[PDB]
Protein chains: 2
Amino acid sequence: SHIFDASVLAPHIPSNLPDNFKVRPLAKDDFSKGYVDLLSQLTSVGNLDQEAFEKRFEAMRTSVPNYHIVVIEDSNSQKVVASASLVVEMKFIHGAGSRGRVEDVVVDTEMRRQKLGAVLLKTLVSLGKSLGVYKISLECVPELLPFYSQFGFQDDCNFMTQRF
Amino acid sequence: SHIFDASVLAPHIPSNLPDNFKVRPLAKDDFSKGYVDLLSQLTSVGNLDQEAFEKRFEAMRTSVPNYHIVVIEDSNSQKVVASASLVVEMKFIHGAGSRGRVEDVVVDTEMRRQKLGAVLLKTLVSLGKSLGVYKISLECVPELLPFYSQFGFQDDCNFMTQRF
Ligand SMILES: CC(C)(COP(=O)(O)OP(=O)(O)OC[C@H]1O[C@@H](n2cnc3c(N)ncnc32)[C@H](O)[C@@H]1OP(=O)(O)O)[C@@H](O)C(=O)NCCC(=O)NCCS
Ligand SMILES: CC(C)(COP(=O)(O)OP(=O)(O)OC[C@H]1O[C@@H](n2cnc3c(N)ncnc32)[C@H](O)[C@@H]1OP(=O)(O)O)[C@@H](O)C(=O)NCCC(=O)NCCS
Ligand SMILES: CC(=O)N[C@@H]1[C@@H](O)[C@H](O)[C@@H](COP(=O)(O)O)O[C@@H]1O
Ligand SMILES: CC(=O)N[C@@H]1[C@@H](O)[C@H](O)[C@@H](COP(=O)(O)O)O[C@@H]1O
């Protein structure tokens with residue numbers, strides 16, 4: 001069970017990259033392949049157990065637009081070592097267009113500088129373009145502007161937040 | 001008919017608003033109350049005609065999480081004069097939490113400086129708190145930082161975009 005149809009993803013996955021990496025949608029059994037621990041490296045996972053994972057996974061799976069949560073399993077360890085998400089918001093502006101957002105980009109602490117992050121970003125950009133979104137966006141610290149610039153992004157206006 | 005359940009919105013609507021003004025969900029017949037012209041003051045509406053508007057309305061009305069597109073009608077002109085959207089993304093982070101985003105804030109040019117924008121932002125923040133979101137965010141030109149800081153927002157990291 002994949003969180004979105006792998007056939008949607010197949011055209012956008014870059015050609016290079018070694019085996020033993022599989023780029024694919026998030027699978028329901030990725031909880032048992034270390035997905036929470038990977039997400040912990042990005043921010044707090046709070047109280048997410050398998051059961052809450054599975055319920056959320058199903059809620060996302062049956063969403064349209066899909067949650068395009070794309071992961072990289074390293075076949076050796078049977079672990080998920082990178083994740084990045086493209087989520088899409090429907091709009092009335094731009095001819096009832098849609099806006100893409102890249103979220104929750106994480107590459108496992110032991111597996112950086114192996115182009116895992118670049119592969120995910122290239123894949124999501126290609127996917128978003130193909131899905132027809134008029135604009136794709138993301139949020140990062142200024143030190144990552146040159147990272148994401150590589151994939152066609154450029155610094156835009158202010159981003160404001162508040163937490164509860 | 002309403003894009004989401006008005007009883008969801010009721011607790012968040014401020015008391016004491018001039019009698020001519022009704023805060024409520026976007027309604028399918030708002031196309032005939034100038035909603036496209038209102039949106040055009042924000043940005044391009046592209047080829048949005050009634051059929052496209054209705055078809056998109058229905059896709060949004062049936063979405064869970066809902067699209068909380070809140071508008072204010074001037075019932076003395078029977079036109080929608082202001083709109084703002086709270087949209088919600090499901091997450092696995094933060095105990096399968098959710099993120100709220102404030103989008104497409106527009107107040108008719110002739111109806112500015114009458115607090116409509118503050119009403120809508122006050123309402124959406126209150127709504128988003130009550131929905132349980134862990135973080136609400138928005139994007140704006142720097143000139144609007146002190147505007148949106150009134151509703152609890154703070155300048156955060158960078159926001160990067162790519163248009164297709
Ligand atoms: C940021 C992150 C997503 C990048 O993922 P990665 O898989 O380690 O990145 P890569 O090693 O694939 O880097 C890919 C390309 O980006 C370039 N690059 C990497 N980081 C860069 C950066 N921060 N700024 C500019 N270019 C960068 C590299 O030169 C490489 O290109 P190349 O193959 O042409 O030389 C990941 O490392 C990461 O750490 N994520 C968590 C957040 C974090 O630590 N951010 C850094 C704090 S500033
Ligand atoms: C900004 C906007 C969304 C909403 O507001 P509006 O209904 O016109 O709101 P008002 O001007 O009536 O302001 C409401 C409150 O916020 C305050 N406010 C407005 N702008 C402010 C600012 N820039 N900084 C601090 N407070 C501000 C007002 O003083 C008022 O406070 P009060 O009731 O305690 O006195 C609306 O004016 C708009 O869409 N404008 C077009 C976009 C725009 O101006 N972009 C910036 C280009 S530089
Ligand atoms: C491009 C990218 O990966 N951006 C992420 C965002 O998607 C994630 O939700 C947040 C988690 O941090 P938080 O727990 O403080 O909100 O960090 C970054 O802004
Ligand atoms: C808080 C707010 O209203 N932000 C809006 C955003 O929601 C809207 O989608 C975009 C339209 O501009 P665009 O057509 O250039 O993307 O403008 C602003 O960033």
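Lettering of chains follows the sequences in order, A, B, ..., and the numbering in each one begins at 1. Both counts, for ligands and for their atoms, begin at 1 and track the order of listing. What's counted below: heavy atoms across the whole structure, side chains too, no hydrogens, waters or symmetry copies.
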Which atom pair, heavy atoms only, marks the closest approach of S137(B) to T161(A)? CB-CG2, 4.0 Å
Closer than 4.0 angstrom, basic N to acidic O: yes or no for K79(A) and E73(A)? no
With only distance considered, is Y148(A) within less than 3.5 Å of ligand 3 through an N or O on each side? no
When you check the gap from the basic side-chain N to the acidic O, do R101(B) and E89(A) get nearer than 4.0 Å? no
What is the closest protein heavy atom to atom 8 (C) of ligand 3, and at what distance does it sit? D104(A) OD1, 3.1 Å
Which of these, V141(A), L144(A), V107(A), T109(A), has its nearest heavy atom closest to atom 45 (N) of ligand 1? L144(A)
If you scan protein heavy atoms around atom 3 (O) of ligand 3, the nearest is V105(A) N, 2.9 Å
Measuring to protein heavy atoms, does anything land under 4.0 Å from atom 29 (O) of ligand 1? yes
Which of the atoms in ligand 3, numbered in the order shown and given with their element, are less than 4.0 Å from a heavy-atom of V102(A)? 1 (C)
My understanding is that we take every heavy atom of each candidate and find the minimum distance to atom 48 (S) of ligand 1. Doing that for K122(A), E143(A), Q114(A), which one comes out nearest? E143(A)
Where is the nearest protein heavy atom to atom 20 (N) of ligand 1: which residue, which atom, and how far? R113(A) NH1, 3.4 Å
Closest protein heavy atom (residue, atom, distance) for atom 16 (O) of ligand 3: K135(B) NZ, 2.6 Å
Do NZ/NE/NH1/NH2 and the carboxylate oxygens of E51(B) and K28(B) come within less than 4.0 Å? no
Give a yes/no on ligand 4: does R101(B) have at least one heavy atom closer than 4.0 angstrom to it? no
Tell me the contacting part of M111(A) for ligand 1: side chain, backbone, both, or neither, using a 4.0 Å heavy-atom threshold, strictly below. neither
Find out if a path of hydrophobic residues (ILVMFWY) with successive side-chain heavy-atom gaps under 4.5 Å connects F151(A) to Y134(A). no
How far is atom 2 (C) of ligand 3 from its nearest protein heavy atom, and which residue and atom name does that atom have? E139(A) O, 3.7 Å
Under 6.0 Å from the NZ atom of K33(A), do we count more than 12 heavy atoms belonging to anything else shown? yes
Under 4.0 Å to a heavy atom of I93(B) - the qualifying atoms of ligand 3, by number: 9 (O)
Which protein non-hydrogen atom lies closest to atom 6 (C) of ligand 4, naming both residue and atom, and how far is it? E103(B) OE1, 3.6 Å
CG of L138(A) to CG of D156(A), rounded to nearest 0.5 Å, is 10.5 Å
Shortest protein contact, atom 33 (O) of ligand 1 (heavy atom only): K115(A) CE, 3.8 Å
Just need the protein heavy atom nearest to atom 37 (O) of ligand 1, so name the residue and atom and give the distance. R112(A) CG, 3.4 Å
When every non-hydrogen atom of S126(B) is compared with those of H12(B), the smallest separation belongs to OG-ND1, 2.8 Å
OG (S75(A)) and CZ (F21(A)) are apart, to the nearest 0.5 Å, by 8.0 Å
Can you tell me how far the CD1 atom of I13(B) sits from the OG1 atom of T123(B), to the nearest 0.5 Å? 6.5 Å
Option nearest atom 3 (C) of ligand 1 (shortest heavy-atom distance, choices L145(A), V105(A), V119(A)): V105(A)
Could you tell me how the ring of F92(A) sits relative to the ring of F53(B): parallel (under 30°), tilted (30 to 60°) or perpendicular (over 60°)? parallel
What protein heavy atom sits nearest atom 7 (O) of ligand 1, and how far off is it? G117(A) N, 2.8 Å
Min over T43(A), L42(A), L138(A) of heavy-atom distance to atom 17 (O) of ligand 3 lands on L42(A)
Taking atom CD of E54(B) and atom CG of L48(B), what is their separation to the nearest 0.5 Å? 10.5 Å
Charged N to carboxylate O below 4.0 Å: is that the case for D30(A) and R24(A)? yes
May I ask you to check if ligand 4 and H94(A) share an N or O to N or O distance below 3.5 Å? yes
Determine, counting only non-hydrogen atoms of the protein, whether one lies under 4.0 angstrom from atom 35 (O) of ligand 1. no
For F31(B) against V36(B), the heavy-atom pair lying closest together: CE1-CG2, 3.5 Å
When hydrophobic residues are tied together by side-chain contacts of less than 4.5 Å, even through go-betweens, does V141(A) share a cluster with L121(A)? yes
The atoms of ligand 1 lying under 4.0 Å from a heavy atom of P146(A), numbered in the order shown, are 24 (N), 25 (C)
Are any of the protein's heavy atoms under 4.0 angstrom from atom 13 (O) of ligand 1, yes or no? yes
Please report whether ligand 4 has a polar contact with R163(B), defined as an N or O pair separated by less than 3.5 Å (distance criterion only). yes
Would you mind checking which non-hydrogen protein atom is closest to atom 22 (C) of ligand 1, with the distance to 0.1 Å? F147(A) CB, 3.7 Å
In the protein, what heavy atom is nearest to atom 16 (O) of ligand 1, and what distance, to one decimal place, separates them? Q150(A) OE1, 2.8 Å
